[PDB]
There are 2 protein chains.
Amino acid sequence: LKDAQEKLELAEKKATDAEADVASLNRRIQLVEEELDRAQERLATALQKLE
Amino acid sequence: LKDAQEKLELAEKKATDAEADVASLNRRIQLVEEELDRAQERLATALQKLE
C-alpha cells in the first residue's frame, strides 16, 4: 500500500500539473490568435493606404 | 492497493491525455506565432513603403 499510494500521489500531481499547463496553453492560443487577427487587419489597412 | 492501482490507472490516463493536449496546444502556439511573425514583417515592410 505504501508504494501504491506513492504512485497515486505522483500520478495525481502530474495530471493536475498537466491540466494547468493545458489551460495556460489554451489561453495563450486565444491571446496569440487575437494578436494575429489585429496584425492582419493592420496589414490590410497599410496595404490599402500604400496603393 | 486495488483502489490505489485503479486510481493510478485513471490518473495516468488523464495525465497522458493532458500531455497530448499540451503537445497539440504548443504546436498551435508555435504555428500561430510564426503567422504573427510573418504578419508583423509585412507590417514593417508596409511602413517602409509608407515612408
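Tabulated data for the structure shown
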{"quantity": "Matching entry among B:39, B:44 (being among the hydrophobic types (A, V, I, L, M, F, W, C) and surrounded by 12 or more Cβ atoms within 10 Å (Cβ to Cβ))", "calculated": "B:39"}
{"quantity": "Test: residue B:43 is aliphatic (A, V, I, L, M), more than 25 Å from residue A:18 (Cα to Cα) and within 7 Å of chain A (Cβ to nearest Cβ)", "calculated": "yes"}
{"quantity": "Filter pass, residue B:23 being over 12 Å from residue A:8 (Cβ atoms), under 21 Å from the mean Cα position of the chain (by Cα) and at the interface with chain A (Cβ under 7 Å from one of its Cβ atoms)", "calculated": "no"}
{"quantity": "Filter result for residue B:49 (over 18 Å from the mean Cα position of the chain (by Cα) and more than 30 Å from residue A:49 (Cβ to Cβ))", "calculated": "no"}
{"quantity": "Candidates A:3, A:21 - the one that is closer than 15 Å to residue B:21 by Cα, part of a helix (DSSP H, G or I) and either among the acidic types (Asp, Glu) or touching a residue at least 24 places away in the same chain (Cβ under 8 Å) (or both)", "calculated": "A:21"}
{"quantity": "Residue A:11 vs. criteria in a helix (DSSP H, G or I) and surrounded by 14 or more Cβ atoms within 10 Å (Cβ to Cβ)", "calculated": "yes"}
{"quantity": "Answer residue from the stretch B:1-20, given it is under 30 Å from the mean Cα position of the chain (by Cα) and within 7 Å of chain A (Cβ to nearest Cβ) and is farthest from residue A:14 (Cα to Cα) among those", "calculated": "B:7"}
{"quantity": "Residue in the stretch A:27-38 that is within 8 Å of chain B (Cβ to nearest Cβ), farther than 17 Å from residue B:31 by Cβ and assigned to a helix (DSSP H, G or I) present", "calculated": "no"}
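Ideal geometry is used to build each Cβ from the backbone, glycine not excepted, and the neighbour counts take in all protein chains shown. Bear in mind that the values in this text are calculations on the coordinates, not laboratory data.
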